[PDB]
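Everything below concerns the one structure shown next.
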Amino acid sequence: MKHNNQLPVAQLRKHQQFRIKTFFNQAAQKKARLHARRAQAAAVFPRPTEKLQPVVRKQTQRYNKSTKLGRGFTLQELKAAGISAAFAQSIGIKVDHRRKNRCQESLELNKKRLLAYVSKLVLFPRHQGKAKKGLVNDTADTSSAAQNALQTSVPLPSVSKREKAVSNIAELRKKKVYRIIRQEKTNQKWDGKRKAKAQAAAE
Amino acid sequence: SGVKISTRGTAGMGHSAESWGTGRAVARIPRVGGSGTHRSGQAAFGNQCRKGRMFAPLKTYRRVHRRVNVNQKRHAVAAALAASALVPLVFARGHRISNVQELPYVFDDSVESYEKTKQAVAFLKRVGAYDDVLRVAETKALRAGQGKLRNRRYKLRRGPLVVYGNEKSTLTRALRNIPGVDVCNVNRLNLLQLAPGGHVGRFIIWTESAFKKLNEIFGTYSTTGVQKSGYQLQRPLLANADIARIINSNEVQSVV
Amino acid sequence: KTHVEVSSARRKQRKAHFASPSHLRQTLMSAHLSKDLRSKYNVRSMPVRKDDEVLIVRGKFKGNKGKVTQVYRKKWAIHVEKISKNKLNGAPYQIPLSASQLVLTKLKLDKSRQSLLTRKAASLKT
RNA sequence: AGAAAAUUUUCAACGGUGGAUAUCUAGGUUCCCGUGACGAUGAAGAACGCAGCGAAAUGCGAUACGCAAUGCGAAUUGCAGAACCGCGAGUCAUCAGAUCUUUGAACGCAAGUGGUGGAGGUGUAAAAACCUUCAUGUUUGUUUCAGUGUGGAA
RNA sequence: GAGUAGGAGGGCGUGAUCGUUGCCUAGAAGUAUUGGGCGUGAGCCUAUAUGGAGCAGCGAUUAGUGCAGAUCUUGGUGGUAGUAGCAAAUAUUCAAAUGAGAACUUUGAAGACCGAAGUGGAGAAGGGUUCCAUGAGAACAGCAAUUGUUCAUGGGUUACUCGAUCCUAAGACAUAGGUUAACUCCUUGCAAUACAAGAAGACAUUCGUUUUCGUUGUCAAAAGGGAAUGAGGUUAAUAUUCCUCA
RNA sequence: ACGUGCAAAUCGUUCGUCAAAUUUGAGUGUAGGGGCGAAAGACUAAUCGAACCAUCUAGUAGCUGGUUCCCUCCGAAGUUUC
RNA sequence: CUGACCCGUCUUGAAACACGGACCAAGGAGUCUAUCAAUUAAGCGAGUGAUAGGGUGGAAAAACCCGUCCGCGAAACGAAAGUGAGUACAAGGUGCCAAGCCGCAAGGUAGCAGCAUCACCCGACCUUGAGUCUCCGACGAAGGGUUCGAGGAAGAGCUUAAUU
RNA sequence: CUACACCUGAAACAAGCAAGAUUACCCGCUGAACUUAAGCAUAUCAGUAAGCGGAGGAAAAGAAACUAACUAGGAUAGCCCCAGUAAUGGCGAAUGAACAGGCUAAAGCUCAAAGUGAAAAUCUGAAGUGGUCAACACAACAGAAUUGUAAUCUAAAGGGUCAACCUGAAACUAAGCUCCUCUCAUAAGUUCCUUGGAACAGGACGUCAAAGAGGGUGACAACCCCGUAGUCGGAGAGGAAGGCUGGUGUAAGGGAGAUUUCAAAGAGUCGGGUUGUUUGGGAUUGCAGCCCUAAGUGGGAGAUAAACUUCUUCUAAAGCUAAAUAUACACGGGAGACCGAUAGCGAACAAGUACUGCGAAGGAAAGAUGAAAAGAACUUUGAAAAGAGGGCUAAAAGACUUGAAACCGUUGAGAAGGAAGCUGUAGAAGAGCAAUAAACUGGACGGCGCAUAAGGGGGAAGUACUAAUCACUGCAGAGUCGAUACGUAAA
Ligand SMILES: [Mg+2]
Ligand SMILES: [Mg+2]
Ligand SMILES: [Mg+2]
Ligand SMILES: [Mg+2]
Ligand SMILES: [Mg+2]
Ligand SMILES: [Mg+2]
Ligand SMILES: [Mg+2]
Ligand SMILES: [Mg+2]
Ligand SMILES: [Mg+2]
Ligand SMILES: [Mg+2]
Ligand SMILES: [Mg+2]
Ligand SMILES: [Mg+2]
Ligand SMILES: [Mg+2]
Ligand SMILES: [Mg+2]
Ligand SMILES: [Mg+2]
Ligand SMILES: [Mg+2]
Ligand SMILES: [Mg+2]
Ligand SMILES: [Mg+2]
Ligand SMILES: [Mg+2]
Ligand SMILES: [Mg+2]
Ligand SMILES: [Mg+2]
Ligand SMILES: [Mg+2]
Ligand SMILES: [Mg+2]
Ligand SMILES: [Mg+2]
Ligand SMILES: [Mg+2]
Ligand SMILES: [Mg+2]
Ligand SMILES: [Mg+2]
Ligand SMILES: [Mg+2]
Ligand SMILES: [Mg+2]
Ligand SMILES: [Mg+2]
Ligand SMILES: [Mg+2]
Ligand SMILES: [Mg+2]
Ligand SMILES: [Mg+2]
Ligand SMILES: [Mg+2]
Ligand SMILES: [Mg+2]
Ligand SMILES: [Mg+2]
Ligand SMILES: [Mg+2]
Ligand SMILES: [Mg+2]
Ligand SMILES: [Mg+2]
Ligand SMILES: [Mg+2]
Ligand SMILES: [Mg+2]
Ligand SMILES: [Mg+2]
Ligand SMILES: [Mg+2]
Ligand SMILES: [Mg+2]
Ligand SMILES: [Mg+2]
Ligand SMILES: [Mg+2]
Ligand SMILES: [Mg+2]
Ligand SMILES: [Mg+2]
Ligand SMILES: [Mg+2]
Ligand SMILES: [Mg+2]
Ligand SMILES: [Mg+2]
Ligand SMILES: [Mg+2]
Ligand SMILES: [Mg+2]
Ligand SMILES: [Mg+2]
Ligand SMILES: [Mg+2]
Ligand SMILES: [Mg+2]
């Protein structure tokens, strides 16, 4: 232990010889995954690769501003779509029963998604018989033979261009932002003692 | 690669072996206790000893592979191509370009559909390429020493590299068995084929599709590249690389 | 080469060769057919048999022609009549030969042979 | 100039000791991929055997370096004798049917012992000798039973 | 123009990899040199001899990359040195024979020893073919050898009465029951820390039937207990065993 | 005496005891912080004031020893503080 | 003829009556992984760079393209609650001092980078406050510090290789 | 009291199950010291070695008594991040996760518990009958079972009442595909010279190449032989612990939505105390003993102990579950800037062998004649080994490739009065196919053989210039592609 350099942080203190991980399989592994995926396509041929995924906001204050692919559709949403979980599943839709909708907009996105899905759908019944729910589409669709990816057919755009208005500037200029944030933080701070005062002056 | 590690230990460590201790007029090294075998009392595991473990037994997890910044991979491939275009350089590499005409050497897609080998040969012969190919053929070496037992039997110098633009072209099957020929699809190119041995400049034969896509792929000092999606080629340090011109002009000498 | 399952290792192959079980050996030691026979059966090479007539193509004994006395697969040897050398005590001894240095002038003919030949010609011309 | 030899000693050539160097490799080593697939239907291991001439290693088990089936289609070979040209050679391969001594989780009991019980078979005038069979736990049942366990008609 | 500890700059030499230029059955690598030269030096080039299949330069890449030492590892060799030494256990000698050869083998003739507490005749433990016969190059039998406990080839170990096998001992182990994470461990002849555990008979002769009496295992002794054999003869090698007789 | 033995405890003389707490074979009971001991820290397979075998184990070493090619250049410290 | 103790080692001191070395061949000792830093070459620059993974591809584990996040930089000071580089038209002064321009010269002009110093700024700790409102807790015109900070004040980083 | 029934236990018998093996990876336990703190107790090494019990092809884990408090997310597992962060620690040494976010992978299901009570609707065996006969379908008779089998149900519901709209065991009947195993077949010089014992070498003429990977053939062979490539090709045989998809279609079976006096869910368990132990988990990280021992809008959780008010999230105390993940083990495949017989596994070889130890356990050395044995015929001297002749062979290369050093013998040239070697300087002798040397360049002229010179015209190609043309720079019309915090609610 000699010079000005930063205090070391021990690494190999235990017996690591038993505990090392090697990455050469990676090479072949990637490849394997490829073929797997491909062999899925072939065995699934008429149907799409990835099953239908709703969308939500991310779980953290910092992530809220972004968009994320959900695991499943909210029963509430399937209702507004008019699909039973079971059916949606026979369709290739992904359902999640513990998720709940606390916003109108979160219903909207997924409705739009579901509908979009259905509209673009082709359904093969036992040969030459037709059916009703989510319905069933004409025998000629058998010839249509669509191999498609879900991002192409059922996507989600957003562009950041924020529209400008002057009248509002005239408006917004009359308040004071700092003062605001301050008095607010303040209110949250002293709320408890204040309510307690109300209760105490009331009794 | 690495040296045997097993239940017993790193190789050479496979004895229960002691240090006799100072009293015996023998060295302190570990020996093998036991009876009845000539190996008995023989020095035990350590660098010094016949039949012992190495200085630094060599491991699997030695990190061999390195990763290059994309921009520098590209800049490299570029400067390589740049090189491939000047006669002095490819001649300097030892390629035989004498009967070759105009570099870059570009041809029609008539080539891309070649199937049999004979016509790829006839091709090289016409174009005057074949001289270079001849050379790969006339210097063919048995590898010096160990390499042979290691499954590399022959050292062959590199011949002409062709760059085709059509994904489905047969030029591949065509050139295959010709020693020294090298086939590449324009969209993905290797500094490794471009500058074998890190040695800049090489004989290339190009297609039309090849040659044309070159620009879309890379781009130019006006525009970015498409395929490289934002790659800008190197900004020259000196517009003119003749210091001749610059030392020898009016402005220079008036003042000098 | 096109196939990952094809061993390019000196070791593995040499091994295959010398570790060759008898039946495979017969294949491994085989001779080239005469212009005539080549043309007849549309087959380049054939595994040697003990009743065949052959011509030594290369060696101090090149140019000599005769019947195959012994296919000794273990010793890797083919023996040909009158290809022996004489010893000072007056004792004769055979001189062994590598098939791939031989040429088949006349085959021993019989059903199995004909079938083999037939298969070879078959993939060949077709 | 004890200006010869012997001894001691330098250098070279040849010879002798010795097995370095060079060049090889049916070996090792590491990496990636594929299958996990032993056993009371007796495993893994152990003992003793099995070739015309055989110790070992490998194979095999009284059908004993091997039977059968299948594919290759003429050898094995160190010696000797046969067999095979297709009724098919072979120290060939494949392997899906057989053989599988004494043992070993190891099993009637016992064991530094080929010792010794019961039942059945055999053998005999009767024996001897030979042969087959019997371990423990557990889930069902089957059959025969016990209980001052609970009930209980004639 | 000094220099240990130490540091810096250049260079020499060795594998292997990507390049580039080439050399080799018209003889590569390696090896020997009181042949000729090149570097201040790492080192180099050539010549001759040997050798009999691979080599080499240049630019980079990489390193199990340079040894006089560590009582360093493994292997091989010296001087000491034809030296120390081959001296306990009283002893040998003569002739013949055999053999290339005899102080060391075989017969005979002499002289001595162990002196029935043996250098004798047989066993147990331990050894495992060392036993018998014929033959014999090397090695071994610290001199020697024609000889052998050595080498090669063949052949030898017969039982109602000998012993093992049976019995019990000091002891020990199952079963049953209990303990343990589990493995393991605890009890058991005065038999149990267990216990619905057995044996016999007869008819039947299977079962079954039937009857009687009943708590329940095994191993440990080649000197202990312990049903009955002797003499004579025979083989190159076995015999209280084979043969004969009793 | 031998002490590079005949011998990792022997040999010559001499000596203790010699019908008992005598000598001795086999079988059987005791195993490592444990045995076993008329007690010497004795004995426990040439190992004992804690056997032997393998493993953790290349145990740690402020200490001893070694630390492998050339040239050229610069060139020390044995004092301060804790 | 002149000069010439035995090497290696530890030591103030070795030819030492200090230790290792009878001889020879082959073997034989600062590596490998990670970590931070300084320097050198590379790329890009208020950005930089992926990893995982996707997608293609040579016979082949290469290569070639994609890779919404992430790292590290881009803001700091506080234990923390918290605040944030305070006159929108700022980004300074001074002493040393380089280019360019003047001048034969003497010197004159200018003032980049760095060093020293003074000033301003954000935050910690102190101190002070008209007035304002969602008035009991916040806001803020004016005015300050003997102090504290791995900070502002026209961003210098990020990835790669090598050495110590 | 008997017969008999039922509960409980017992024996023999029939049919099936467990007992050991395996080591790399996996599960449940048990559990240290060396070492680091420069001492040393806590700590560290470390839940690590050793030990024990269980598996599998993977294991385990898994459908929330999870996160998070945000415009939330949503099984488990691996990768990347978060991170060397929060935390733990003689706050010393040193320990040290997770949420959010980017990916790989994707999957969800079965029980207990009011409800057959218009009727045990259930499960197991089964002489047997059909069969693809070991695997399937029925089955007389028997057991199990109301101290309860099967249908509904599992909170995402559900019962009850409607109901659009759906489904199909049985039987009958057509055509097919997937995967595995063992076999069989495929280009083109053996032309010519020279050196070789051998041509696979160096030359001359030829060929094939979706085959110039790699091997073997007396030598560094694409073309002599095996192979390689066309070949996820063609042909033949046998397979599925008895692979997979049709068409009619029976008894029967579902249910979006709608409504409704309905709506029921795991106990010595959860929770608490205490004591150990464990985790970063720190006055409630996990677990285990002992002592308490519940509830039913109850009960968990919301990273500080305890009340009290409000909000958030999930339903524990029963079960199943592919994939992405781990594999120093076994049998296979392929490969490598590995090693190359003191290296590489200890073992290239009758290597876990010979050998040693009472035993547990220890454990080596040892690879290359030649293309072919052609392995040395025969003569001679020897008792024999062997020598001398003679011979094989390209060569003895002869128990064997090369054949270094140390050491030893012979032959040669030298040298020495109680050691040797060595820097500097000369000399002598000895050994020699000799590495240095009076040569080289030119003028004029001569003798020889070959070519055609300078100078002059000429002026392809070259360079330089320069209008007309034309790359590039600049400007830039029309088409097609793209971008755009310009613009629109989007267009
Ligand atoms: Mg895997
Ligand atoms: Mg000593
Ligand atoms: Mg060619
Ligand atoms: Mg010599
Ligand atoms: Mg047959
Ligand atoms: Mg039983
Ligand atoms: Mg009763
Ligand atoms: Mg190496
Ligand atoms: Mg020659
Ligand atoms: Mg050189
Ligand atoms: Mg020669
Ligand atoms: Mg180099
Ligand atoms: Mg060396
Ligand atoms: Mg040495
Ligand atoms: Mg000696
Ligand atoms: Mg003596
Ligand atoms: Mg005697
Ligand atoms: Mg005696
Ligand atoms: Mg006797
Ligand atoms: Mg007793
Ligand atoms: Mg007892
Ligand atoms: Mg008796
Ligand atoms: Mg008798
Ligand atoms: Mg005495
Ligand atoms: Mg000290
Ligand atoms: Mg002197
Ligand atoms: Mg000396
Ligand atoms: Mg002195
Ligand atoms: Mg010392
Ligand atoms: Mg990558
Ligand atoms: Mg930051
Ligand atoms: Mg300033
Ligand atoms: Mg009962
Ligand atoms: Mg088991
Ligand atoms: Mg350690
Ligand atoms: Mg210490
Ligand atoms: Mg810990
Ligand atoms: Mg298994
Ligand atoms: Mg990290
Ligand atoms: Mg995530
Ligand atoms: Mg039946
Ligand atoms: Mg019943
Ligand atoms: Mg061919
Ligand atoms: Mg000739
Ligand atoms: Mg040729
Ligand atoms: Mg070849
Ligand atoms: Mg093929
Ligand atoms: Mg514990
Ligand atoms: Mg609590
Ligand atoms: Mg659960
Ligand atoms: Mg001779
Ligand atoms: Mg020779
Ligand atoms: Mg000499
Ligand atoms: Mg003399
Ligand atoms: Mg002298
Ligand atoms: Mg003299």
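Labels for the structure tokens follow display order: chains A, B, ..., residues from 1 in each chain, ligands from 1.
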- Message: as a PyMOL selection string, please: every residue in range 12-238 of chain B that DSSP puts in alpha helix (DSSP H).
- Response: chain B and resi 70-84+87-92+117-127+130-138+171-175+191-194+208-218
Which residues are near residue 218 in chain B? Cut-off 9 Å, only C-alpha atoms (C1' of nucleotides), ignore same chain within fewer than 6 positions. Put them as a CSV table (one decimal) with C-alpha atoms, in the first residue's frame.
chain,number,residue,atom,x,y,z
B,78,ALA,CA,-12.8,3.3,-45.9
B,224,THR,CA,-24.0,11.2,-44.7
B,225,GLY,CA,-24.2,7.5,-45.5
B,226,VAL,CA,-27.5,5.6,-45.7
B,227,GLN,CA,-26.4,2.1,-44.7
B,228,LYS,CA,-24.1,3.4,-42.1
B,229,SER,CA,-26.8,5.8,-41.0
B,231,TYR,CA,-21.4,7.9,-41.0
B,232,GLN,CA,-19.3,10.8,-42.3
B,233,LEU,CA,-16.1,9.9,-44.1
- For range 339-341 of chain H: contacts at 7 Å, only C-alpha atoms (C1' of nucleotides), fewer than 2 positions along chain excluded, given as a ChimeraX atom specification: /H:343-344,367
- Name the residues, by chain letter and number, that sit within 9 Å of ligand 20 using only C-alpha atoms (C1' of nucleotides) and all ligand atoms, and give them as a list in words. residues 168, 169, 170, 171, 172 and 189 of chain E
- Please write out the residues within 10 Å of ligand 6 as an MDAnalysis selection string, counting only C-alpha atoms (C1' of nucleotides) and all ligand atoms. (chainID D and resid 135:138) or (chainID H and resid 12)
- Task: Find the spatial neighbours of residue 30 in chain C, counting only C-alpha atoms (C1' of nucleotides), within a cut-off of 12 Å - ignore same-chain residues fewer than 4 positions away - and output them as a VMD selection string.
- Result: (chain C and resid 24 to 26 44 to 50 52 54 71 73 76 to 78 97 to 104) or (chain H and resid 216 to 217 224 to 226)
- Message: Select, as number ranges by chain, those residues of chain B with any atom no more than 10 Å from chain C (distances computed using only C-alpha atoms).
- Response: B: 148-153, 177
Could you write out that same residue set with C-alpha atoms as a compact mmCIF listing (two decimals), in the first residue's frame?
# COMPACT_ATOMS: atom_id res chain seq x y z
CA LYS B 148 1.01 -28.48 -39.92
CA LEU B 149 0.26 -30.78 -37.04
CA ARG B 150 -2.20 -28.06 -35.97
CA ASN B 151 -4.46 -28.51 -39.02
CA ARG B 152 -3.09 -25.73 -41.18
CA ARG B 153 -1.17 -27.48 -43.93
CA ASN B 177 -12.40 -23.37 -55.85
Distance cut-off 6 Å, counting only C-alpha atoms (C1' of nucleotides) - which residues of chain B neighbour chain G? Return them as a PDB file with C-alpha atoms, in the first residue's frame.
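Result file iface.pdb:
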ATOM      1  CA  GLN B  48      11.160 -26.282 -11.219  1.00  0.00           C
ATOM      2  CA  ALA B  56       1.114 -19.137 -14.437  1.00  0.00           C
ATOM      3  CA  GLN B  72     -13.026   3.314 -36.368  1.00  0.00           C
ATOM      4  CA  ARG B 188     -20.894  -6.161 -45.701  1.00  0.00           C
ATOM      5  CA  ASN B 190     -14.139  -7.015 -44.048  1.00  0.00           C
TER       6      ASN B 190
END
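Among the candidates B:204, B:181, B:81, B:26, the residue lying nearest to ligand 3 is B:181 (atoms considered: only C-alpha atoms and all ligand atoms).
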- Task: Would you give me, as a list in words, the residues of chain D that come within 9 Å of chain C, using only C-alpha atoms (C1' of nucleotides)?
- Result: residues 25, 26, 72, 73, 74, 75, 77, 85, 90, 92 and 93 of chain D
Saved selection, atoms kept: C-alpha atoms (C1' of nucleotides), as a PDB file, in the first residue's frame:
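Output contents, as saved in again29.pdb:
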ATOM      1  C1'   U D  25       1.994 -38.632 -33.556  1.00  0.00           C
ATOM      2  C1'   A D  26      -4.175 -43.573 -33.988  1.00  0.00           C
ATOM      3  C1'   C D  72     -20.523 -55.431 -46.543  1.00  0.00           C
ATOM      4  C1'   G D  73     -19.407 -59.558 -50.505  1.00  0.00           C
ATOM      5  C1'   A D  74     -13.692 -62.923 -50.224  1.00  0.00           C
ATOM      6  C1'   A D  75     -10.425 -63.862 -46.562  1.00  0.00           C
ATOM      7  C1'   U D  77      -2.291 -65.199 -41.309  1.00  0.00           C
ATOM      8  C1'   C D  85     -17.216 -68.523 -54.327  1.00  0.00           C
ATOM      9  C1'   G D  90     -13.843 -62.868 -42.691  1.00  0.00           C
ATOM     10  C1'   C D  92     -14.936 -57.275 -41.077  1.00  0.00           C
ATOM     11  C1'   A D  93     -19.112 -53.934 -39.464  1.00  0.00           C
TER      12        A D  93
END
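With only C-alpha atoms (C1' of nucleotides) taken into account, the protein and nucleic acid residues at most 10 Å from range 228-243 of chain E (excluding it and anything under 6 positions from it in its own chain) are residues 131, 132, 133, 155, 156, 157, 158, 159, 160, 161 and 162 of chain E.
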